[PDB]
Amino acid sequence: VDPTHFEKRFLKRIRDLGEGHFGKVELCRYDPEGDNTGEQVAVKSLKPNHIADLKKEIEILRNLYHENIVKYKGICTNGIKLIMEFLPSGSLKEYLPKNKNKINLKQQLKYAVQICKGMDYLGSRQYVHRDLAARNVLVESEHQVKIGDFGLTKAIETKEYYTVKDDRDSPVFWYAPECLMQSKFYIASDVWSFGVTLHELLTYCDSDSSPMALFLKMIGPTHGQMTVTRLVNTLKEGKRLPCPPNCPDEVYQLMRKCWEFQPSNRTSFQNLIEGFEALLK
């Protein structure tokens, strides 16, 4: 028997966990016994082409092994489903609003370290994530977080960046200037998205403090097609997202080092780790 092969007949849909534009993740129970004692697993499938994309995401996740990366469990098979461990606390977007009392600054800085280690492990395997947002960070417990989606993850050739072809559903408010302008994607461009994720983490993912809601105030919500070009000017000028409430200046400076206009002048994941670890001591 292949413990990574899940049979369709025993894979039972419970509820939806989230969706992209072509993908969706559901909570399922893999129940071969038929008595509802089987394990709960998270299942990624296509929304009814993108089979090639999902297949590449599977092969990428299958070979990543890190405590801050959601565990690959297997596949369900021309169609295919990705089986992962299920994390009941969901994403930081779900968890943080409901757990402000439990999650103090020290714990948010520990989550920040964990995101950086998982992201640094990804960079080391020569991958650019391209979609680092609090909605993609899963909560394992009060003491641990995991990167939980690799839907936009691309390999970097030999080259320092991956060049973007499809960009119509780009999370623009999480994107570095080189991504919004040229459509290039470096490890340093994931550092920029980490800065924005760190901002979300510090504001406990509150809808009103979202990087989009905030950036739409800094530019205007009624600009339709011109939003990105107007956003590109803001960053060109030198305007950044504000310091989150109750966020120490030492923390906000580590965040600003993620937001240098030029990728080569940006901090690394290793520097952020050292910087966060010094504040925790």
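The numbering used is simple: start at 1 and walk along the sequence shown. Just so we're on the same page, rigid core means the largest C-alpha set that superposes within 1.5 Å between forms.
Q: Name the stretch that deviates more in 9 other deposited structures of this protein: 234-242, or 221-229? Use RMS CA distance to the shown form, core superposed.
A: With the rigid core superposed, the C-alphas that lie farther in 9 other deposited structures of this protein are those of 221-229.
Q: So if we fit everything on the core, which stretch drifts more in 9 other deposited structures of this protein, 264-272 or 11-19, C-alphas only?
A: Evaluated in 9 other deposited structures of this protein, the stretch farther from the shown form is 11-19.
Q: Is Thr158 without coordinates in at least a third of the other compared PDB entries of this protein that model the residues flanking it?
A: Across the compared entries, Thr158 is modelled every time.
Q: Please establish whether a third or more of the other compared PDB entries omit coordinates for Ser189.
A: Per the records, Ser189 is modelled in all the other entries.
Q: Just how many deposited residues go unmodelled from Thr77 to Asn78: none, 1 to 3, 4 to 9, or 10 or more?
A: Per the record, 4 to 9 deposited residues are absent between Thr77 and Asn78.
Q: Scan the PDB entry between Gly224 and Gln225 and report the missing deposited residues as one of none, 1 to 3, 4 to 9, 10 or more.
A: Nothing is missing.
Q: So which stretch wins on mean C-alpha B-factor, 166-174 or 187-195?
A: Looking at the record's C-alpha B-factors, the answer is 166-174.
Q: Which is higher on average in the deposited entry, the C-alpha temperature factors of 13-21 or of 258-266?
A: Result: 258-266.
Q: From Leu201, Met181, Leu87, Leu82, can you pick the one with the highest C-alpha B factor in the entry?
A: The record points to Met181.
Q: Just to confirm, going by the entry's C-alpha B-factors, which of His129, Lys159, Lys117, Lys102 comes out highest?
A: Max CA B-factor in the entry, restricted to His129, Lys159, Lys117, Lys102: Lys159.
Q: Give the position of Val251 by CA B-factor within its chain, expressed as the lowest, middle or highest third.
A: CA B-factor rank for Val251: middle third.
Q: Going by the recorded CA B-factors, say which third of the chain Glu26 sits in, lowest, middle or highest.
A: As the PDB entry reports it, the C-alpha B-factor of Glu26 lands in the lowest third of its chain.
Q: Which third of the chain holds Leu46 when residues are ordered by C-alpha B factor: lowest, middle or highest?
A: Middle third.
Q: What third of its chain, lowest, middle or highest, does the C-alpha temperature factor of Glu67 fall into?
A: For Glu67, the deposited C-alpha B-factor lands in the lowest third.
Q: Mind checking which third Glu33 falls in for C-alpha B-factor across the chain?
A: Highest third of the chain for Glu33's C-alpha B-factor.
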